[PDB]
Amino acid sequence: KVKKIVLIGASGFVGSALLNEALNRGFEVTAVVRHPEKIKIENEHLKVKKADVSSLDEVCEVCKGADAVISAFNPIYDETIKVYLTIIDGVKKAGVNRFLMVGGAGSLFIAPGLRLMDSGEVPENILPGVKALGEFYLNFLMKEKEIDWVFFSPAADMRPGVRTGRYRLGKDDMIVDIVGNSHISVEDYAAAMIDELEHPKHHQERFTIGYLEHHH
């Protein structure tokens, strides 16, 4: 079973949510962040380390021995795509067989043959980053066979909320509620990610999540 893991980019709303969810469930975690000072969690199953995510040798070194690696790394952008690659290649060179990545909603279908990125529904101010993340999955992950990867596409609108434990799990189509909105809490997204880590249901593929009920 999976016991020891490395969490790359264990900061921000998502990285922090994954960090706490994994420790609370008995995992021994090595969190890699740019600013260790921001983390004040006290637990004997936790190690905090700094690494140059853009350096292949540094990513490879910190992942050695791990049972699995989860990356929550974010975020011109041809440099970004380049970093997404260095991470997965660093993980493969370390010998780990399971890699889980926090994805985006851009590559999800909102209609037959139409992905969210190409629809115009994405806010102008974040389109560049959305496209780069979607392109990495589509043009790189989809051809990878030398590791068991999982790209987890969150709902179009993800923010801090409640850990309800109730939601729909999908594959490639965006999940929307009765009102037509696609959303999920950061806490519920993390709970699902650790569920996939603890009890594998997906292999070399992308899956997604979203609420079915609507808040009032």
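Position 1 is the first residue in the sequence shown; the rest follow in order.
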item: Absent coordinates between residue 128 and residue 129 - deposited residues affected, binned into four classes; value: none
item: Between the two ranges 46-54 and 179-187, the one averaging a larger CA B factor in the entry; value: 46-54
item: Residue stretch of maximal mean CA temperature factor, 189-197 vs 18-26; value: 18-26
item: Out of 98, 82, 115, 145, residue topping the C-alpha B-factor column of the entry; value: 82
item: Top Cα B factor in the deposited entry, candidates 155, 169, 41, 150; value: 41
item: Residue 174, C-alpha B-factor rank within chain (lowest, middle or highest third); value: middle
item: Where the record places residue 74 (Cα B-factor, split into thirds across the chain); value: highest
item: Cα B factor band for residue 2 (lowest, middle or highest third within the chain); value: highest
